[PDB]
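*Asks:* this one is an experimental structure. Sequence first:
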Amino acid sequence: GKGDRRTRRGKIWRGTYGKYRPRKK
Amino acid sequence: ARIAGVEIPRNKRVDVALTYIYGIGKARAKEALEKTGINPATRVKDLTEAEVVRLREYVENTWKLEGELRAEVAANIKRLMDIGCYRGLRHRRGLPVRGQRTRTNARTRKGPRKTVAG
Amino acid sequence: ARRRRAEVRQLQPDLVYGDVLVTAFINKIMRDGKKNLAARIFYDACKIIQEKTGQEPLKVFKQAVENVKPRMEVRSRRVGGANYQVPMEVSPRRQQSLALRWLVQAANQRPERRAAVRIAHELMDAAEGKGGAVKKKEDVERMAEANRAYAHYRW
Amino acid sequence: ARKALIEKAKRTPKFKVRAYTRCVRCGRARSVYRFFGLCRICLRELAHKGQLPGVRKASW
Amino acid sequence: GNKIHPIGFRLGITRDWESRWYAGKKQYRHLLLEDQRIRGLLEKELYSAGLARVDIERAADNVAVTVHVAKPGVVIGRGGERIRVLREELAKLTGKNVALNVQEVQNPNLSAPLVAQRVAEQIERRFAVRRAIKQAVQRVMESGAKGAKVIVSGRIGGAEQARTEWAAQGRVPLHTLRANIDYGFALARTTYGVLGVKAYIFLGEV
Amino acid sequence: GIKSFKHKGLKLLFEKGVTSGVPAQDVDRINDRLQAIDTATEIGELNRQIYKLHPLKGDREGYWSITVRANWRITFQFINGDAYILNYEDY
RNA sequence: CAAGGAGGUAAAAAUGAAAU
RNA sequence: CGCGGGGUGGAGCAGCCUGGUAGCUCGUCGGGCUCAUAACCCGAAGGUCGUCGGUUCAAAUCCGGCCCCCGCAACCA
RNA sequence: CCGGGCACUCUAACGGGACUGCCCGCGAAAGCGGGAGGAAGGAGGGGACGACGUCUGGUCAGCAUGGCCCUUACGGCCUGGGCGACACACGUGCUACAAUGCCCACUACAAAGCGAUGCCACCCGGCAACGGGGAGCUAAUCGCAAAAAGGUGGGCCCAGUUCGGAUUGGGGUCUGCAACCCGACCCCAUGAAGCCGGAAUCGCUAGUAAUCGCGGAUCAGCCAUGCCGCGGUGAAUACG
Ligand SMILES: [Mg+2]
Ligand SMILES: [Mg+2]
Ligand SMILES: [Mg+2]
Ligand SMILES: [Mg+2]
Ligand SMILES: [Mg+2]
Ligand SMILES: [Mg+2]
Ligand SMILES: [Mg+2]
Ligand SMILES: [Mg+2]
Ligand SMILES: [Mg+2]
Ligand SMILES: [Mg+2]
Ligand SMILES: [Mg+2]
Ligand SMILES: [Mg+2]
Ligand SMILES: [Mg+2]
Ligand SMILES: [Mg+2]
Ligand SMILES: [Zn+2]
């Protein structure tokens, strides 16, 4: 889901981080 | 079980079955069953009636959902009725609200192509 | 204008088997260049062959390929704006390629759920002479059969 | 608007975001490298001249 | 056509730089602008010398500047002017060690910039261009050259029709790296427009 | 009557009298032509010798072309007493 | 081992472009 | 003025008699092929059925009144 | 991490290294085929390099420049608007239509580059964007970064459904004098079209196509799915 802003995969693609993709640990 | 305005989802995980309500989505889903204290991976098939009652009582209250909040959302757009702003006119003409590109695309609000030709 | 006859590409033999054929099959399974997932699926299906039949997958796979081999195929050729279809023989290289290709394709044509069980079953069906690939093989030979008229155009 | 426009590019007052880059050799406002203070056009000219210290053709 | 600048094409091996100094960021930009304004200021009141090069070297407030000239006639003995405030007027926006040297380019007929500049003067003298090209080439070839090539392009002898006059004797291999090929260029300003003169001078290498 | 422009310079010369879109020496020339194309009730009126009128061929079919000066053309579509898509271009 | 003299001959595919 | 036939998308024709479906070629509009046009290929849109009334649950269709079009007839003195 | 050492790896500076030189066969020669020779070969694989000329090709809006025109103005400054408009048409693309798939958690393996008028470790508040602190780094020292596909475990079970993410409502953050026209993210809720594409049409012959992420330029920010680079896994086929 490279364009969904609610996945670790979409957050990768977008670049930014967040709740669905925390800044590690 | 007729939780809010709906009842449909049977044998398909309560954290997922919950999603089938305008107002629940995915975040409020697990948030509701951790706050009610119910196992997410359950059958949804009318399990313990007590868990279902607590779930219903919490969910249906707390926050607005289903036909009621659809009315509120529609009313928030009705806000820009009167002598409203620019954003209202975009809801009037049927065009994209956030000022995007309308030269091409914007089919999700304009609808299918009409073709003028000339 | 093919000055060079384009030498035949050679592969690396697999693990546990040493096949000069199985790896070619794993390659066709491979999508997006993930040989890991590809090889796994085949070896998975090899484990699946052991269940439904007490046969070693090295023969089940081998015989399946042998049953999905086009003896002769139809070839569209010359004179009349390329109007004819001469039925030509098939080179051992091409029988090789078609066998594995039709296998994987027919395998993913099956209504099953897991890629491994599709591969395993399609191989078992093909080993018997029943697979959807065998259909494809027998079909291509029908076309080649019906064109024996101007087959003497040959080449 | 070109002469009075290379004036503003060096004048740079009134709000910090109204200030912008601008090739010095030319007056180009686009493709201006911060490193040289030059547009991509001028930079290529001088690089072939040899007037750019260390700057050399890239082959690899 | 489309051909790369035979100077830039070398730069590394064969034909070194023309401004040899090292700096990191926050400095390169300022020192390059100053460097170019030196080249700009020199070219003006030193054209009568006809300068083949303007080498520049630096070492923290040191700024050395070497001016190559066919005939350094405009230097005239120490306090005979043409150097004093002239090499001192540089430090009116610099204030650093304005060390200005003067070189004697021996044969101007083997210096590409000088050749092209002599030709571009002749265009403005209203000379017959094709004959001017021929002579300049032979003149370069007369002074021991291994190969030469001069090119004037556009608006030749006035007349509404852009042309391109071409002449080249001996050997001029532009593609080769071990070339030692000197390249010069000049703008001829005319009452009917502007035309460009290319000059290629070649010597052996290995 | 001229009804639509494709060339902005042409548009400005006829509407506001803005001459900065055309050559300076072709101002009077272009003007007399445009007025002729404006007054023309039929393509037959745009037929004076000094215009070298003719319809274009190929993909430009349906268009016409009177001559301003040298290799320069004013092209348009004339229909029912009106010209449309007034363009200024090379031949 | 080297050729001259003899014969069946492509197809379905039309136009031209805007000052010398 | 007497009999007979006919008015249907832009063009030319069906469908009416056995009321509930308006169809065909060409043209038009979109997109391809070509440097481009034509040809060709793909895909679309388009009709108060001349008009005014009547019968019917329902009229292009069945029945009348006009309005044009076409074809016959208009003979014996 | 220290003592110590620098043979390995790496770093970057000059070199050695194949020229079908050696063997068989073919030939008049050039050369071609084949073979041990070694990392390598019969231009090893890629770059930079673009002949005389052609297109009255492209560029007076990079710049220069002949001519023509404008000068209380075709110049100059400002605030605001516009380049972002939308009944439509074409190009180049990005994300998909799912199960060799998607989601969550854990756990590995790169290269090439950028940063002390910045990159910002580690804590603290915060669901998060981010904010408070605050160490090291003029940087093969410190930081940007954990690479991602992969692997292990677990959950969905093939339904427009945990596929897909458009669109829209609400709440927020950060840059900026200011983000309504027209900024990027974050969070809640909506969750559209699409179930794989008509006539047609494109790319690629070996690290290559496909797939995966990473960097940089411009840059206060950013409409970047772009462009220029980097490496990860890694096909198919060439009769003719
Ligand atoms: Mg917009
Ligand atoms: Mg800039
Ligand atoms: Mg004709
Ligand atoms: Mg002709
Ligand atoms: Mg058409
Ligand atoms: Mg056509
Ligand atoms: Mg009678
Ligand atoms: Mg070469
Ligand atoms: Mg031209
Ligand atoms: Mg200019
Ligand atoms: Mg634009
Ligand atoms: Mg649908
Ligand atoms: Mg499905
Ligand atoms: Mg190739
Ligand atoms: Zn510039």
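*Replies:* Received it, and whenever you're ready, just let me know what you need. Numbers count the residues shown, from 1 in each chain, chains lettered A, B, ... in the order given. Ligands and ions are numbered 1, 2, ... in the order given.

*Asks:* what helix or strand does the spatially most central residue of chain B sit in?
*Replies:* Centroid check for chain B by Cα atoms, centre = their mean gives residue B:22 as the closest residue, at 3.2 Å. Secondary structure assigned from DSSP states H and E places residue B:22 in neither a helix nor a strand.

*Asks:* give me the neighbour count for the residue of chain F found nearest chain D.
*Replies:* In chain F, the residue that lies nearest chain D is residue F:20 (14.2 Å; Cβ to the nearest Cβ). In short, each C-beta sits where N, CA and C put it, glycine included. If you count neighbours by other Cβ atoms under 10 Å in any protein chain shown, residue F:20 ends up with 9.

*Asks:* OK, contacts around the residue nearest to the centre of chain B?
*Replies:* Contacts for residue B:22 (Cβ atoms under 8 Å, 6 or more residues apart in numbering or on different chains) come out as B:65-67, B:69-70.

*Asks:* take those and keep only those in helices.
*Replies:* Among the contacts of residue B:22, the members found in helices (DSSP state H) are B:67, B:69-70.

*Asks:* let me know whether residue E:70 touches residue E:111 as I believe.
*Replies:* Yes. Judged on Cβ atoms under 8 Å, residue E:70 makes contact with residue E:111 at a distance of 6.7 Å.

*Asks:* what sits in contact with each of the two?
*Replies:* In contact with both residue E:70 and residue E:111: E:52, E:105, using Cβ under 8 Å, 6+ apart.

*Asks:* list the contacts of residue C:44.
*Replies:* C:116, C:119.

*Asks:* now with 10 Å, please.
*Replies:* If you count contacts by Cβ atoms under 10 Å, 6 or more residues apart in numbering or on different chains, residue C:44 has them with C:114-117, C:119-120.

*Asks:* please identify the buried residues of the longest helix along chain E?
*Replies:* The helix that spans the most residues within chain E, counting by DSSP H, is helix E:28-44. Residues of helix E:28-44 classed as buried under the neighbour-count rule (16 or more other Cβ atoms under 10 Å in any protein chain shown) are E:28-29, E:31-32, E:34-36, E:38-39, E:42.

*Asks:* how about the secondary structure of the one residue in chain B that gets nearest to RNA strand H?
*Replies:* Of all residues in chain B, residue B:117 sits closest to RNA strand H, at 3.1 Å by Cβ to the nearest atom of the strand. Using DSSP: H, G, I helix; E, B strand; the rest coil, the structure places residue B:117 in coil.

*Asks:* I'd like to know how many residues surround it.
*Replies:* Neighbour number of residue B:117 under other Cβ under 10 Å is 3.

*Asks:* which residues touch it?
*Replies:* Per Cβ under 10 Å, 6+ apart, neighbours of residue B:117: none.

*Asks:* next up, phi/psi of it, please.
*Replies:* phi 70, psi 110 (degrees, to the nearest 10).

*Asks:* helices and strands around the longest helix of chain E, which ones?
*Replies:* strand D:38-39, helix D:40-49, strand E:19-20, strand E:51-57, strand E:64-69 (3 or more Cβ pairs under 10 Å, 6 or more residues apart in numbering or on different chains; DSSP states H and E).
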